[PDB]
file data.txt (compact mmCIF, N, CA and C atoms and all ligand atoms)
# COMPACT_ATOMS: atom_id res chain seq x y z
N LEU A 7 5.52 -4.71 43.53
CA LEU A 7 4.56 -3.61 43.82
C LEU A 7 5.12 -2.36 43.14
N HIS A 8 4.23 -1.52 42.63
CA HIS A 8 4.61 -0.31 41.91
C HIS A 8 3.75 0.83 42.47
N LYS A 9 4.36 1.98 42.75
CA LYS A 9 3.61 3.13 43.25
C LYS A 9 3.05 3.95 42.08
N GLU A 10 1.82 4.44 42.22
CA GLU A 10 1.18 5.24 41.19
C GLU A 10 0.66 6.51 41.83
N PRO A 11 0.73 7.64 41.13
CA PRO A 11 0.27 8.94 41.64
C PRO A 11 -1.24 8.95 41.78
N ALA A 12 -1.72 9.70 42.76
CA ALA A 12 -3.15 9.85 43.02
C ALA A 12 -3.26 11.25 43.59
N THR A 13 -4.46 11.82 43.56
CA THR A 13 -4.65 13.16 44.07
C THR A 13 -5.72 13.08 45.14
N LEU A 14 -5.42 13.59 46.33
CA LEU A 14 -6.38 13.56 47.43
C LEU A 14 -7.67 14.30 47.09
N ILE A 15 -8.80 13.68 47.35
CA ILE A 15 -10.07 14.34 47.10
C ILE A 15 -10.68 14.71 48.44
N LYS A 16 -10.80 13.72 49.32
CA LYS A 16 -11.41 13.92 50.63
C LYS A 16 -11.03 12.84 51.65
N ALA A 17 -10.52 13.27 52.80
CA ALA A 17 -10.17 12.35 53.87
C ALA A 17 -11.48 12.00 54.57
N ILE A 18 -11.78 10.71 54.70
CA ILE A 18 -13.02 10.28 55.33
C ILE A 18 -12.82 9.89 56.79
N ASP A 19 -11.93 8.96 57.06
CA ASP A 19 -11.66 8.60 58.45
C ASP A 19 -10.22 8.11 58.54
N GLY A 20 -9.88 7.36 59.58
CA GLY A 20 -8.50 6.90 59.72
C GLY A 20 -8.00 6.01 58.60
N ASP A 21 -8.84 5.08 58.14
CA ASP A 21 -8.44 4.15 57.10
C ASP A 21 -9.12 4.22 55.73
N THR A 22 -10.01 5.20 55.54
CA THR A 22 -10.71 5.35 54.27
C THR A 22 -10.63 6.79 53.79
N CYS A 23 -10.40 6.97 52.49
CA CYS A 23 -10.31 8.30 51.87
C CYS A 23 -10.72 8.24 50.40
N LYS A 24 -10.94 9.40 49.81
CA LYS A 24 -11.34 9.47 48.41
C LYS A 24 -10.19 10.08 47.65
N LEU A 25 -9.81 9.43 46.56
CA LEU A 25 -8.71 9.91 45.76
C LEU A 25 -9.07 9.93 44.28
N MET A 26 -8.38 10.77 43.52
CA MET A 26 -8.59 10.80 42.10
C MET A 26 -7.49 9.86 41.63
N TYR A 27 -7.88 8.75 41.02
CA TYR A 27 -6.93 7.76 40.53
C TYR A 27 -7.23 7.45 39.07
N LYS A 28 -6.22 7.56 38.21
CA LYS A 28 -6.35 7.30 36.77
C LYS A 28 -7.51 8.08 36.15
N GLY A 29 -7.67 9.32 36.58
CA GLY A 29 -8.74 10.13 36.04
C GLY A 29 -10.06 10.05 36.77
N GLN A 30 -10.31 9.02 37.57
CA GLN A 30 -11.59 8.97 38.26
C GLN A 30 -11.53 8.91 39.77
N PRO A 31 -12.53 9.51 40.43
CA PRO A 31 -12.63 9.53 41.90
C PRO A 31 -12.98 8.13 42.38
N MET A 32 -12.29 7.70 43.43
CA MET A 32 -12.46 6.38 43.99
C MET A 32 -12.22 6.47 45.49
N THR A 33 -12.92 5.65 46.27
CA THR A 33 -12.65 5.63 47.70
C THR A 33 -11.68 4.46 47.92
N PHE A 34 -10.65 4.72 48.72
CA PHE A 34 -9.64 3.72 49.03
C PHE A 34 -9.70 3.31 50.50
N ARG A 35 -9.39 2.05 50.76
CA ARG A 35 -9.38 1.51 52.10
C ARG A 35 -7.95 1.03 52.25
N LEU A 36 -7.31 1.42 53.34
CA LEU A 36 -5.93 1.04 53.59
C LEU A 36 -5.80 -0.46 53.83
N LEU A 37 -4.82 -1.08 53.17
CA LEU A 37 -4.56 -2.51 53.33
C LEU A 37 -3.96 -2.87 54.71
N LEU A 38 -4.23 -4.10 55.15
CA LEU A 38 -3.71 -4.70 56.38
C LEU A 38 -3.90 -3.99 57.71
N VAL A 39 -4.77 -2.99 57.77
CA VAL A 39 -4.96 -2.27 59.04
C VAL A 39 -6.42 -1.92 59.29
N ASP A 40 -6.70 -1.51 60.51
CA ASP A 40 -8.04 -1.10 60.87
C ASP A 40 -8.04 -0.04 61.95
N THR A 41 -8.46 1.17 61.58
CA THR A 41 -8.55 2.25 62.54
C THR A 41 -9.96 2.16 63.10
N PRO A 42 -10.16 2.62 64.35
CA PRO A 42 -11.47 2.58 64.99
C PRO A 42 -12.59 3.28 64.22
N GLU A 43 -13.79 2.74 64.37
CA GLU A 43 -14.99 3.24 63.73
C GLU A 43 -15.45 4.56 64.32
N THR A 44 -15.95 5.44 63.46
CA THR A 44 -16.49 6.73 63.87
C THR A 44 -17.85 6.95 63.17
N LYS A 45 -18.19 6.01 62.29
CA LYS A 45 -19.42 6.07 61.53
C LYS A 45 -20.41 4.98 61.91
N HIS A 46 -20.33 3.83 61.25
CA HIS A 46 -21.25 2.73 61.48
C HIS A 46 -21.83 2.55 62.89
N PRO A 47 -23.16 2.66 63.03
CA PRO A 47 -23.90 2.52 64.28
C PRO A 47 -23.67 1.20 65.02
N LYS A 48 -23.38 0.14 64.27
CA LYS A 48 -23.14 -1.18 64.87
C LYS A 48 -21.84 -1.23 65.69
N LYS A 49 -20.99 -0.23 65.52
CA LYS A 49 -19.74 -0.17 66.28
C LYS A 49 -19.71 1.10 67.11
N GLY A 50 -20.34 2.14 66.57
CA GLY A 50 -20.40 3.42 67.25
C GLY A 50 -19.08 4.12 67.10
N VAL A 51 -18.90 5.20 67.84
CA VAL A 51 -17.64 5.93 67.79
C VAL A 51 -16.74 5.21 68.77
N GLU A 52 -15.79 4.46 68.23
CA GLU A 52 -14.87 3.72 69.05
C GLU A 52 -13.73 4.62 69.49
N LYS A 53 -13.09 4.24 70.60
CA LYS A 53 -11.98 4.99 71.17
C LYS A 53 -10.82 5.06 70.18
N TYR A 54 -10.27 6.26 70.05
CA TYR A 54 -9.16 6.54 69.14
C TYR A 54 -9.63 6.70 67.70
N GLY A 55 -10.93 6.51 67.48
CA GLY A 55 -11.50 6.66 66.16
C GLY A 55 -11.26 8.06 65.65
N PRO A 56 -11.67 9.09 66.40
CA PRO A 56 -11.48 10.48 66.00
C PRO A 56 -10.02 10.86 65.91
N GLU A 57 -9.20 10.24 66.76
CA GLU A 57 -7.77 10.47 66.80
C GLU A 57 -7.14 9.94 65.50
N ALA A 58 -7.50 8.71 65.14
CA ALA A 58 -7.02 8.06 63.93
C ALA A 58 -7.43 8.88 62.71
N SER A 59 -8.67 9.34 62.68
CA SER A 59 -9.12 10.15 61.56
C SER A 59 -8.27 11.39 61.40
N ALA A 60 -7.99 12.05 62.52
CA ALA A 60 -7.22 13.29 62.51
C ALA A 60 -5.79 13.09 62.05
N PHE A 61 -5.17 12.02 62.52
CA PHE A 61 -3.80 11.71 62.15
C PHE A 61 -3.70 11.56 60.62
N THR A 62 -4.59 10.74 60.06
CA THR A 62 -4.64 10.50 58.62
C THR A 62 -4.90 11.78 57.82
N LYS A 63 -5.93 12.51 58.22
CA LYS A 63 -6.32 13.75 57.57
C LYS A 63 -5.13 14.69 57.50
N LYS A 64 -4.49 14.94 58.64
CA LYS A 64 -3.34 15.84 58.67
C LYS A 64 -2.28 15.38 57.68
N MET A 65 -1.92 14.11 57.80
CA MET A 65 -0.90 13.49 56.97
C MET A 65 -1.15 13.58 55.48
N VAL A 66 -2.37 13.31 55.05
CA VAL A 66 -2.63 13.34 53.62
C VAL A 66 -2.91 14.74 53.06
N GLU A 67 -3.40 15.65 53.89
CA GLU A 67 -3.70 17.00 53.42
C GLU A 67 -2.48 17.87 53.32
N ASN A 68 -1.46 17.56 54.11
CA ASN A 68 -0.23 18.34 54.11
C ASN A 68 0.84 17.77 53.20
N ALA A 69 0.49 16.71 52.47
CA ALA A 69 1.43 16.06 51.56
C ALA A 69 1.51 16.79 50.22
N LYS A 70 2.69 16.75 49.61
CA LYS A 70 2.87 17.36 48.31
C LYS A 70 2.51 16.29 47.28
N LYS A 71 2.84 15.04 47.62
CA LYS A 71 2.60 13.92 46.74
C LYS A 71 1.93 12.73 47.42
N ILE A 72 0.94 12.16 46.76
CA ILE A 72 0.29 10.98 47.28
C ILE A 72 0.45 9.89 46.23
N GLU A 73 0.68 8.66 46.69
CA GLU A 73 0.86 7.51 45.81
C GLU A 73 0.12 6.31 46.37
N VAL A 74 -0.44 5.51 45.47
CA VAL A 74 -1.16 4.31 45.85
C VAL A 74 -0.33 3.13 45.35
N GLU A 75 -0.31 2.07 46.13
CA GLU A 75 0.46 0.87 45.80
C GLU A 75 -0.42 -0.34 46.06
N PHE A 76 -0.91 -0.93 44.98
CA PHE A 76 -1.76 -2.09 45.09
C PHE A 76 -0.87 -3.27 45.45
N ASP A 77 -1.46 -4.31 46.04
CA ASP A 77 -0.70 -5.50 46.37
C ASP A 77 -0.87 -6.47 45.19
N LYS A 78 -0.55 -7.74 45.38
CA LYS A 78 -0.63 -8.69 44.28
C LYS A 78 -1.93 -9.47 44.08
N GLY A 79 -2.92 -9.25 44.94
CA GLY A 79 -4.19 -9.92 44.80
C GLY A 79 -5.26 -8.97 44.29
N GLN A 80 -6.48 -9.07 44.81
CA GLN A 80 -7.55 -8.17 44.37
C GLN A 80 -7.28 -6.71 44.73
N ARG A 81 -7.69 -5.83 43.84
CA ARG A 81 -7.47 -4.41 44.04
C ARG A 81 -8.66 -3.67 44.61
N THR A 82 -9.79 -4.36 44.74
CA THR A 82 -10.99 -3.76 45.31
C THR A 82 -11.65 -4.76 46.25
N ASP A 83 -12.37 -4.26 47.25
CA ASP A 83 -13.10 -5.12 48.17
C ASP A 83 -14.56 -5.19 47.69
N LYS A 84 -15.41 -5.92 48.41
CA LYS A 84 -16.82 -6.05 48.02
C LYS A 84 -17.64 -4.77 47.85
N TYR A 85 -17.22 -3.69 48.50
CA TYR A 85 -17.90 -2.40 48.42
C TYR A 85 -17.34 -1.52 47.31
N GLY A 86 -16.46 -2.08 46.50
CA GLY A 86 -15.87 -1.32 45.42
C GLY A 86 -14.76 -0.37 45.82
N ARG A 87 -14.23 -0.53 47.03
CA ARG A 87 -13.14 0.33 47.52
C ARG A 87 -11.77 -0.20 47.05
N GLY A 88 -10.89 0.70 46.62
CA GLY A 88 -9.55 0.30 46.20
C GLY A 88 -8.75 -0.14 47.42
N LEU A 89 -8.05 -1.26 47.31
CA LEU A 89 -7.25 -1.80 48.41
C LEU A 89 -5.77 -1.53 48.16
N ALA A 90 -5.17 -0.64 48.94
CA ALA A 90 -3.78 -0.31 48.71
C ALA A 90 -3.00 0.20 49.90
N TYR A 91 -1.70 0.39 49.65
CA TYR A 91 -0.77 0.95 50.60
C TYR A 91 -0.67 2.38 50.09
N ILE A 92 -0.94 3.34 50.95
CA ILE A 92 -0.90 4.72 50.52
C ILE A 92 0.28 5.44 51.15
N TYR A 93 1.02 6.15 50.31
CA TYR A 93 2.19 6.91 50.72
C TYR A 93 1.97 8.41 50.64
N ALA A 94 2.36 9.13 51.70
CA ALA A 94 2.25 10.59 51.73
C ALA A 94 3.69 11.06 51.79
N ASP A 95 4.13 11.68 50.70
CA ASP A 95 5.52 12.14 50.60
C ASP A 95 6.49 11.02 50.95
N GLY A 96 6.22 9.87 50.34
CA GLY A 96 7.05 8.71 50.54
C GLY A 96 6.88 7.97 51.84
N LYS A 97 6.01 8.44 52.72
CA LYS A 97 5.80 7.75 53.99
C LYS A 97 4.48 6.97 53.96
N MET A 98 4.54 5.68 54.29
CA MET A 98 3.34 4.85 54.26
C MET A 98 2.37 5.15 55.38
N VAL A 99 1.19 5.65 55.02
CA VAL A 99 0.17 5.97 56.01
C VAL A 99 -0.22 4.75 56.85
N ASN A 100 -0.32 3.58 56.22
CA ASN A 100 -0.72 2.35 56.91
C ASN A 100 0.20 2.08 58.09
N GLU A 101 1.51 2.14 57.84
CA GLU A 101 2.53 1.90 58.87
C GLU A 101 2.53 3.02 59.92
N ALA A 102 2.46 4.26 59.45
CA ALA A 102 2.42 5.43 60.33
C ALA A 102 1.37 5.25 61.44
N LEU A 103 0.15 4.89 61.05
CA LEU A 103 -0.95 4.69 62.00
C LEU A 103 -0.66 3.57 63.00
N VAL A 104 -0.15 2.46 62.49
CA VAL A 104 0.15 1.33 63.34
C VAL A 104 1.24 1.73 64.34
N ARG A 105 2.26 2.45 63.87
CA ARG A 105 3.36 2.88 64.72
C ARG A 105 2.92 3.74 65.91
N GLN A 106 1.88 4.53 65.72
CA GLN A 106 1.33 5.40 66.77
C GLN A 106 0.30 4.71 67.66
N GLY A 107 -0.02 3.46 67.37
CA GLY A 107 -1.03 2.78 68.16
C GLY A 107 -2.41 3.32 67.85
N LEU A 108 -2.62 3.73 66.60
CA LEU A 108 -3.92 4.25 66.16
C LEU A 108 -4.67 3.29 65.23
N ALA A 109 -4.08 2.13 65.00
CA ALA A 109 -4.67 1.11 64.14
C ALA A 109 -4.06 -0.23 64.52
N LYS A 110 -4.79 -1.30 64.24
CA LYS A 110 -4.33 -2.65 64.52
C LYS A 110 -4.12 -3.30 63.17
N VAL A 111 -3.19 -4.25 63.10
CA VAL A 111 -2.97 -4.99 61.87
C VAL A 111 -4.18 -5.93 61.80
N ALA A 112 -4.97 -5.82 60.74
CA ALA A 112 -6.17 -6.62 60.58
C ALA A 112 -6.42 -6.93 59.12
N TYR A 113 -7.42 -7.79 58.89
CA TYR A 113 -7.85 -8.20 57.55
C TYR A 113 -6.72 -8.66 56.66
N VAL A 114 -5.92 -9.59 57.18
CA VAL A 114 -4.79 -10.10 56.42
C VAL A 114 -5.24 -11.21 55.48
N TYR A 115 -5.60 -10.83 54.26
CA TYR A 115 -6.04 -11.81 53.28
C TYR A 115 -4.93 -12.02 52.27
N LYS A 116 -4.56 -13.28 52.05
CA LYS A 116 -3.53 -13.60 51.08
C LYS A 116 -4.18 -13.55 49.70
N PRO A 117 -3.42 -13.21 48.65
CA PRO A 117 -1.99 -12.87 48.67
C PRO A 117 -1.73 -11.37 48.86
N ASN A 118 -2.72 -10.64 49.40
CA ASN A 118 -2.56 -9.21 49.64
C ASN A 118 -1.91 -8.98 50.99
N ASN A 119 -0.68 -9.45 51.16
CA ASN A 119 -0.03 -9.28 52.45
C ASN A 119 1.46 -9.01 52.40
N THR A 120 1.93 -8.47 51.29
CA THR A 120 3.34 -8.17 51.12
C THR A 120 4.00 -7.43 52.28
N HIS A 121 3.32 -6.45 52.86
CA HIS A 121 3.92 -5.67 53.94
C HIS A 121 3.50 -6.08 55.34
N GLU A 122 2.93 -7.28 55.48
CA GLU A 122 2.47 -7.76 56.77
C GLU A 122 3.49 -7.76 57.90
N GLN A 123 4.67 -8.32 57.64
CA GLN A 123 5.70 -8.38 58.67
C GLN A 123 6.22 -7.01 59.05
N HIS A 124 6.30 -6.11 58.07
CA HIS A 124 6.75 -4.75 58.33
C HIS A 124 5.77 -4.07 59.29
N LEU A 125 4.48 -4.14 58.96
CA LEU A 125 3.45 -3.54 59.79
C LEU A 125 3.38 -4.23 61.14
N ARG A 126 3.65 -5.53 61.16
CA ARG A 126 3.60 -6.23 62.43
C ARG A 126 4.71 -5.76 63.35
N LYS A 127 5.93 -5.61 62.83
CA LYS A 127 7.02 -5.16 63.70
C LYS A 127 6.73 -3.77 64.27
N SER A 128 6.05 -2.93 63.50
CA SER A 128 5.72 -1.59 63.98
C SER A 128 4.64 -1.65 65.04
N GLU A 129 3.73 -2.60 64.92
CA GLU A 129 2.66 -2.76 65.89
C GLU A 129 3.21 -3.28 67.23
N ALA A 130 4.21 -4.16 67.15
CA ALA A 130 4.86 -4.72 68.34
C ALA A 130 5.52 -3.59 69.12
N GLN A 131 6.14 -2.67 68.40
CA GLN A 131 6.82 -1.53 68.99
C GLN A 131 5.84 -0.59 69.68
N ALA A 132 4.70 -0.33 69.03
CA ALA A 132 3.66 0.52 69.58
C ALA A 132 3.07 -0.12 70.85
N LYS A 133 2.87 -1.45 70.81
CA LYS A 133 2.35 -2.20 71.96
C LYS A 133 3.36 -2.09 73.11
N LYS A 134 4.62 -2.37 72.78
CA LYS A 134 5.76 -2.32 73.68
C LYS A 134 5.82 -0.98 74.40
N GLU A 135 5.49 0.09 73.68
CA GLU A 135 5.47 1.44 74.24
C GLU A 135 4.08 1.82 74.76
N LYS A 136 3.15 0.87 74.70
CA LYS A 136 1.78 1.05 75.19
C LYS A 136 1.12 2.28 74.59
N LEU A 137 1.28 2.49 73.29
CA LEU A 137 0.69 3.66 72.65
C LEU A 137 -0.79 3.54 72.34
N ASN A 138 -1.54 4.60 72.64
CA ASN A 138 -2.97 4.72 72.35
C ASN A 138 -3.77 3.43 72.52
N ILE A 139 -4.15 2.81 71.41
CA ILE A 139 -4.91 1.56 71.44
C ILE A 139 -4.29 0.55 72.40
N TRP A 140 -2.99 0.64 72.60
CA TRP A 140 -2.26 -0.28 73.47
C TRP A 140 -2.02 0.19 74.90
N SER A 141 -2.63 1.30 75.28
CA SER A 141 -2.45 1.80 76.62
C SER A 141 -3.60 1.29 77.49
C1 LIG B 201 -8.88 -3.80 54.62
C2 LIG B 201 -9.92 -4.76 54.02
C3 LIG B 201 -11.23 -4.66 54.34
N1 LIG B 201 -12.17 -5.53 53.80
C4 LIG B 201 -13.56 -5.62 54.31
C5 LIG B 201 -13.70 -6.53 55.49
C6 LIG B 201 -14.85 -5.90 56.18
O1 LIG B 201 -16.11 -6.38 55.65
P1 LIG B 201 -17.51 -6.31 56.53
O2 LIG B 201 -17.93 -4.94 56.24
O3 LIG B 201 -18.30 -7.41 55.96
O4 LIG B 201 -17.13 -6.56 57.94
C7 LIG B 201 -14.72 -4.41 55.96
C8 LIG B 201 -13.80 -3.73 56.98
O5 LIG B 201 -13.65 -2.34 56.63
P2 LIG B 201 -13.92 -1.06 57.56
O6 LIG B 201 -12.83 -1.05 58.58
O7 LIG B 201 -13.87 0.16 56.68
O8 LIG B 201 -15.21 -1.41 58.09
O9 LIG B 201 -14.14 -4.33 54.66
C9 LIG B 201 -11.83 -6.43 52.81
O10 LIG B 201 -12.64 -7.04 52.10
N2 LIG B 201 -10.50 -6.58 52.56
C10 LIG B 201 -9.49 -5.78 53.08
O11 LIG B 201 -8.35 -5.97 52.67
CA CA B 202 -11.95 0.95 60.10
call {"tool": "encode", "arguments": {"input": "data.txt", "output": "structure tokens"}}
result
Amino acid sequence: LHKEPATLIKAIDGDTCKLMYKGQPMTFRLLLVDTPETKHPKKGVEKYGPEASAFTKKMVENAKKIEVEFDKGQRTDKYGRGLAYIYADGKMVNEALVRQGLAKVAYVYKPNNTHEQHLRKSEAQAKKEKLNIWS
């Protein structure tokens, strides 16, 4: 895996954002995780959804540097969203959210799962501490 620079364009929710990547604006969806819905009517505003959005927004807007790290499989999902691990000043947003109990490890599709065990150990810790989603 290799990290590449990106420039924040707009934070959308806990797990989706818009970034300028390789010269063009693209919406990215965080790999291996799922923050609660705050948009789609079929799910409604789920608990911790607004919390997850806020955590992400703060984290990416206050960063000096943002980097995207694609995994080894497909780089986009069916909606044309970039699939990656996003780092804010060297800290992985995907893991950060899981650690706070603001996201669950989900959508584990091989071979896009390099950081699965890392994120899982952080989720176990959040559960163990009964944080947010786990309370
Ligand atoms: C994170 C991720 C999401 N997705 C898909 C699965 C879901 O499709 P469906 O929309 O058919 O359920 C949707 C979940 O994203 P959201 O959490 O943004 O909804 O995006 C992938 O294709 N691969 C992934 O790695
Ligand atoms: Ca989501």
call {"tool": "select_by_dssp", "arguments": {"input": "data.txt", "residues": "segment 9-140 of chain A", "states": "helix (DSSP H, G or I)", "output": "number ranges by chain"}}
result
A: 55-67, 99-105, 122-134, 138-140
call {"tool": "residues_near_ligand", "arguments": {"input": "data.txt", "ligand": "ligand LIG 201 (chain B)", "cutoff": "6.5 Å", "atoms": "all atoms listed in the file", "output": "PyMOL selection string"}}
result
chain A and resi 21-22+35-41+82-84+89+112-115
call {"tool": "residues_around", "arguments": {"input": "data.txt", "residues": "residue 125 of chain A", "least_positions_apart": "3", "cutoff": "12 Å", "atoms": "only C-alpha atoms", "output": "ChimeraX atom specification"}}
result
/A:37-40,91,98-107,109-112,114,119-122,128-132
call {"tool": "residues_near_point", "arguments": {"input": "data.txt", "point": "(-1.5, 6.1, 42.9)", "cutoff": "7 Å", "atoms": "only C-alpha atoms", "output": "PyMOL selection string"}}
result
chain A and resi 9-12+27+72-75
call {"tool": "atom_distance", "arguments": {"input": "data.txt", "atom1": "atom CA of residue 26 of chain A", "atom2": "atom CA of residue 52 of chain A"}}
result
28.6 Å
call {"tool": "atom_distance", "arguments": {"input": "data.txt", "atom1": "atom N of residue 7 of chain A", "atom2": "atom C of residue 78 of chain A"}}
result
8.9 Å
call {"tool": "axis_aligned_box", "arguments": {"input": "data.txt", "around": "segment 60-70 of chain A", "padding_each_side": "3 Å", "output": "AutoDock Vina command-line options"}}
result
--center_x -2.6 --center_y 14.4 --center_z 54.9 --size_x 16.9 --size_y 13.8 --size_z 21.2
call {"tool": "select_by_dssp", "arguments": {"input": "data.txt", "residues": "segment 67-113 of chain A", "states": "strand (DSSP E)", "output": "list in words"}}
result
residues 72, 73, 74, 75, 76, 88, 89, 90, 91, 92, 93, 94, 97, 98, 110 and 111 of chain A
call {"tool": "residues_near_point", "arguments": {"input": "data.txt", "point": "(-11.6, 2.2, 71.7)", "cutoff": "8 Å", "atoms": "only C-alpha atoms", "output": "list in words"}}
result
residues 42, 52, 53, 54, 55 and 139 of chain A
call {"tool": "write_last_selection", "arguments": {"input": "data.txt", "atoms": "N, CA and C atoms", "output": "PDB file, in the frame of the given file"}}
result
ATOM      1  N   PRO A  42     -10.160   2.620  64.350  1.00  0.00           N
ATOM      2  CA  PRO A  42     -11.470   2.580  64.990  1.00  0.00           C
ATOM      3  C   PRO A  42     -12.590   3.280  64.220  1.00  0.00           C
ATOM      4  N   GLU A  52     -15.790   4.460  68.230  1.00  0.00           N
ATOM      5  CA  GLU A  52     -14.870   3.720  69.050  1.00  0.00           C
ATOM      6  C   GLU A  52     -13.730   4.620  69.490  1.00  0.00           C
ATOM      7  N   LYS A  53     -13.090   4.240  70.600  1.00  0.00           N
ATOM      8  CA  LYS A  53     -11.980   4.990  71.170  1.00  0.00           C
ATOM      9  C   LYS A  53     -10.820   5.060  70.180  1.00  0.00           C
ATOM     10  N   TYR A  54     -10.270   6.260  70.050  1.00  0.00           N
ATOM     11  CA  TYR A  54      -9.160   6.540  69.140  1.00  0.00           C
ATOM     12  C   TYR A  54      -9.630   6.700  67.700  1.00  0.00           C
ATOM     13  N   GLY A  55     -10.930   6.510  67.480  1.00  0.00           N
ATOM     14  CA  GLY A  55     -11.500   6.660  66.160  1.00  0.00           C
ATOM     15  C   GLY A  55     -11.260   8.060  65.650  1.00  0.00           C
ATOM     16  N   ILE A 139      -4.150   2.810  71.410  1.00  0.00           N
ATOM     17  CA  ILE A 139      -4.910   1.560  71.440  1.00  0.00           C
ATOM     18  C   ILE A 139      -4.290   0.550  72.400  1.00  0.00           C
TER      19      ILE A 139
END
call {"tool": "closest_residue", "arguments": {"input": "data.txt", "among": "A:20, A:136, A:50, A:95", "to": "ligand CA 202 (chain B)", "atoms": "all atoms listed in the file"}}
result
A:20
call {"tool": "atom_distance", "arguments": {"input": "data.txt", "atom1": "atom CA of residue 66 of chain A", "atom2": "atom CA of residue 33 of chain A"}}
result
14.0 Å
call {"tool": "closest_residue", "arguments": {"input": "data.txt", "among": "A:118, A:68, A:13, A:44", "to": "ligand CA 202 (chain B)", "atoms": "all atoms listed in the file"}}
result
A:44
call {"tool": "residues_around", "arguments": {"input": "data.txt", "residues": "residue 79 of chain A", "least_positions_apart": "2", "cutoff": "6 Å", "atoms": "all atoms listed in the file", "output": "PDB file with N, CA and C atoms, in the frame of the given file"}}
result
ATOM      1  N   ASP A  77      -1.460  -4.310  46.040  1.00  0.00           N
ATOM      2  CA  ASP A  77      -0.700  -5.500  46.370  1.00  0.00           C
ATOM      3  C   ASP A  77      -0.870  -6.470  45.190  1.00  0.00           C
ATOM      4  N   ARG A  81      -7.690  -5.830  43.840  1.00  0.00           N
ATOM      5  CA  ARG A  81      -7.470  -4.410  44.040  1.00  0.00           C
ATOM      6  C   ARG A  81      -8.660  -3.670  44.610  1.00  0.00           C
ATOM      7  N   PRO A 117      -3.420 -13.210  48.650  1.00  0.00           N
ATOM      8  CA  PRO A 117      -1.990 -12.870  48.670  1.00  0.00           C
ATOM      9  C   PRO A 117      -1.730 -11.370  48.860  1.00  0.00           C
ATOM     10  N   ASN A 118      -2.720 -10.640  49.400  1.00  0.00           N
ATOM     11  CA  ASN A 118      -2.560  -9.210  49.640  1.00  0.00           C
ATOM     12  C   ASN A 118      -1.910  -8.980  50.990  1.00  0.00           C
TER      13      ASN A 118
END
